[PDB]
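Student: Protein chains in written order, with the authors' numbering: chain B, 199 to 246; chain A, 495 to 543.
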Amino acid sequence: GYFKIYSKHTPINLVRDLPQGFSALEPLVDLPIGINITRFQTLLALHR
Amino acid sequence: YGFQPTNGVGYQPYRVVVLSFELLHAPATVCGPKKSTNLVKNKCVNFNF
Ligand SMILES: *[C@@H]1O[C@H](CO)[C@@H](O)[C@H](O)[C@H]1NC(C)=O
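1. Roughly how many angstroms separate the alpha carbons of residue 239 (chain B) and residue 514 (chain A), rounded to a whole number?
2. Report the residues of the stretch 223-244 of chain B with a CB closer than 7 Å to any CB of chain A, ordered along the chain.
3. Could you please give the first and the last residue of the uninterrupted beta strand (DSSP E) stretch that includes residue 497 (chain A)?
4. Please confirm if residue 523 (chain A) has its CB atom under 8 Å from at least one CB of chain B.
5. Please list, following the chain, all residues that have a C-beta closer than 7 Å to any non-hydrogen atom of ligand 1.
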């Protein structure tokens with residue numbers, strides 16, 4: 199019943215591929231909400 | 495209703511609120527303030543931080 203979100207921001211100079219490096223992800227937030235999630239979506243910001 | 499100042503007991507308007515809780519269904523979010531003591535140092539004590 200806990201939704202855990204961890205996050206990290208990292209500036210990159212390489213163009214496309216993922217970097218050859220290591221960096222931990224510090225915890226961001228916990229939510230005490232009980233939902234039986236099984237699928238999800240994504241949001242985009244288009245130019246109308 | 496016929497609430498009037500001259501009315502006696504059993505007729506004067508009353509304001510009543512009933513409070514309801516839940517029993518072990520979701521993680522708690524509203525609870526009584528746990529009391530706190532001060533801090534001692536350099537003494538063999540027991541703590542509940
Ligand atoms: C998981 O799904 C079941 C029904 O398939 C539901 O009864 C239960 O509450 C769900 N669990 C959570 C944490 O929402």
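Built from N, CA and C at the ideal position, the CB exists for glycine as well.
Tutor: This is what the structure holds:
1. 37 Å
2. 230 and 232
3. First-last for residue 497 (chain A): undefined, no H or E at that position.
4. yes
5. B:199, B:232, B:233 and B:234
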